[PDB]
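# can't give you the sequence, but here's the structure:
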């Protein structure tokens, strides 16, 4: 049993007609102190999977190392490591889910919430969540922490059920996610303006975008708000 | 000579041989014949079950390791049980932890390694059984030949056991033919029974004497015995 020290906030994601999108800001908080700003919380594995992690950062770094080892190991005595026997997004998730549940069962968890986003070899979209309790689930949209409360409602207005997936384009989807990131920056006190976003398309492959920023924010109306009730000036 | 260097597996002979291992191999030759061959869509196992008395059964020579893998044995039955059990666990581990079916080539590597340990350490003994492993994975049909020395080889077809050389030359001849028997199991099996009959001498394959197993594209490893093999005699 432990307690998280350096933490990463929300990880939001969703799937569209040809793939999945996943994003996460670049902050590493230390309680109320916004301590680190160059933190990458999106972990690409191969070119068909991206693992987004929130929660304890030291544990994230540990999971990172676990992931690199998976890749190294899978290549051992594997002439098809970059083909028929390359790591599938579903293998990566099952592995992490197994570790997460084993660790919680030993009462020594990896204090994280994880979303594995990717595209299977047959083209199918893959989006599944696993957390420190070993709990797992799938939905057209997935978000951790604060994003679960504010991002899911927005992303679900785009893809409210399975049938909405084939009707959603990368443009529409990426737009939703980028809007959600801005909302989170407005109401989440542990968020950052800078974030990374990744797209995994069954045709265009893995596109990883770094150093994005929340733009087009509305603050002007703030000048009109004075006092907390009766004050006029 | 030999007598002074064959008291255990931890002793090299003056010419670099390992007699205990060689003697183990001799147990395979004494074993009943079994044949394995594959096309690009299926893999087949044909094994001649040997009986003790005419009041006894014809010992099973094929064990299923998973829905997509299985093998045939020649030699010490108990050792085959130990090795297949190990293979069943390895297949199982792959599914539970990675939600991935074990690659036939990976299984071969695992068996080689498990057998090798029993040839370099004092107190143990080499396995006294030969195995033919067939399976259908993410790279198609596969056939493997396992020897107690720890040597595992991938082939289009082969045979082990007494008079196995018969079936082997036949397959090394029929090669170009059967390797193209795609989409037609009955043909592949018939070709398997034709290779095996090339190692007969004593009797002729009967109904409670023939054992066949197949796996492929849309066929989970299944075993046919008795009446089920009647249409091939």
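Right, received. Where do you want to start? Numbers count the residues shown, from 1 in each chain, chains lettered A, B, ... in the order given.
# How many residues are close by whatever residue of chain A ends up closest to chain B?
Across chain A, the shortest distance to chain B (CB to the nearest CB) belongs to residue A:94, at 3.9 Å. Heads up, the C-betas are built off the backbone N, CA and C, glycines and all. Counted with other CB atoms under 10 Å in any protein chain shown, the burial measure for residue A:94 works out to 22 neighbours.
# Isn't it up against residue B:97?
Yes. At 6.4 Å, residue A:94 and residue B:97 qualify as touching, with contact defined as CB atoms under 8 Å.
# out of everything not next to it in sequence, what's closest to residue B:144?
Beyond its immediate neighbours in the sequence, the residue positioned closest to residue B:144 (CB to CB, 6 or more residues apart in numbering or on different chains) is residue B:133, lying 4.0 Å away.
# I'd say that neighbour and residue B:66 touch.
No. Contact criterion CB under 8 Å: residue B:133 and residue B:66 do not qualify, at 11.1 Å.
# Tell me which of these two has more neighbours.
Taking other CB under 10 Å, residue B:133 and residue B:66 do not tie; residue B:133 has more neighbours (25 against 20).
# what residues does chain B put near chain A?
Taking CB under 8 Å from any CB of the partner chain as the criterion, chain B approaches chain A at residues B:96-100, B:103, B:105-106, B:109, B:138-139.
# give me that answer again for 7 Å
Near chain A, the residues belonging to chain B are B:97-100, B:103, B:109, B:138-139 when assessed by CB under 7 Å from any CB of the partner chain.
# could I get the residues you listed as a markdown table with secondary structure, neighbour count and distance to residue B:90?
Written out in a markdown table, the entries for the residues of chain B next to chain A read as follows (DSSP: H, G, I helix; E, B strand; the rest coil; neighbours: other CB atoms under 10 Å in any protein chain shown; distance: CB to CB, whole Å):
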| residue | secondary structure | neighbour count | distance to residue B:90 |
| --- | --- | --- | --- |
| B:97 | helix | 15 | 11 |
| B:98 | helix | 20 | 12 |
| B:99 | coil | 16 | 15 |
| B:100 | coil | 21 | 12 |
| B:103 | coil | 22 | 11 |
| B:109 | helix | 14 | 10 |
| B:138 | coil | 16 | 16 |
| B:139 | coil | 14 | 18 |
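# Neighbouring strands of the biggest strand by length in chain B in the sheet, and parallel or not?
The residue-count maximum for a strand in chain B (DSSP state E) belongs to strand B:129-137. For strand B:129-137, the paired strands and their directions (DSSP bridges) are strand B:69-75 (antiparallel), strand B:140-146 (antiparallel).
# from memory the residue nearest to residue B:144 sits against residue B:147, does it?
No. Using CB atoms under 7 Å, residue B:133 makes no contact with residue B:147, being 11.9 Å away.
# Show me the strands in chain B, by range?
B:34-38, B:42-48, B:62-66, B:69-75, B:129-137, B:140-146, B:152-154, B:157-160, B:210-216, B:219-225.
# now those strands as JSON lines including distance to residue A:15?
Rendered in JSON lines, the data for the strands of chain B read as follows (distance: least, CB to CB, whole Å):
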{"stretch": "strand B:34-38", "distance to residue A:15": "38"}
{"stretch": "strand B:42-48", "distance to residue A:15": "36"}
{"stretch": "strand B:62-66", "distance to residue A:15": "31"}
{"stretch": "strand B:69-75", "distance to residue A:15": "33"}
{"stretch": "strand B:129-137", "distance to residue A:15": "28"}
{"stretch": "strand B:140-146", "distance to residue A:15": "30"}
{"stretch": "strand B:152-154", "distance to residue A:15": "39"}
{"stretch": "strand B:157-160", "distance to residue A:15": "45"}
{"stretch": "strand B:210-216", "distance to residue A:15": "33"}
{"stretch": "strand B:219-225", "distance to residue A:15": "31"}
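# Residue B:169 is nearest to which of those?
strand B:157-160 (9.5 Å; CB to CB).
# for chain B, which residue is closest to the average position?
residue B:132 (1.9 Å; CA atoms, centre = their mean).
# who touches that one in this structure?
With contacts taken as CB atoms under 7 Å, 6 or more residues apart in numbering or on different chains, residue B:132 has the following neighbours: B:34, B:36, B:45, B:71-72, B:143, B:145, B:158, B:160.
# Next: residue B:143.
Under the criterion of CB under 7 Å, 6+ apart, the contact partners of residue B:143 comprise B:36-38, B:43, B:132, B:134, B:154-157.
# was I right about residue A:48 contacting residue A:122?
No. Contact between residue A:48 and residue A:122 fails when scored by CB under 7 Å: they sit 11.2 Å apart.
# These two - which one has more neighbours?
The neighbour count for residue A:48 versus residue A:122, taken as other CB under 10 Å, is higher for residue A:48 (22 against 7).
# list the contacts for that one?
Shown in contact with residue A:48 (CB under 7 Å, 6+ apart): A:89, A:118-119, A:200, A:206.
# any idea how far residue B:46 is from chain A?
Remark: distance between residue B:46 and chain A (CB to the nearest CB, to the nearest Å) = 28 Å.
# beta partners of that residue?
residue B:35, residue B:212.
# Many thanks, I have nothing further to ask.
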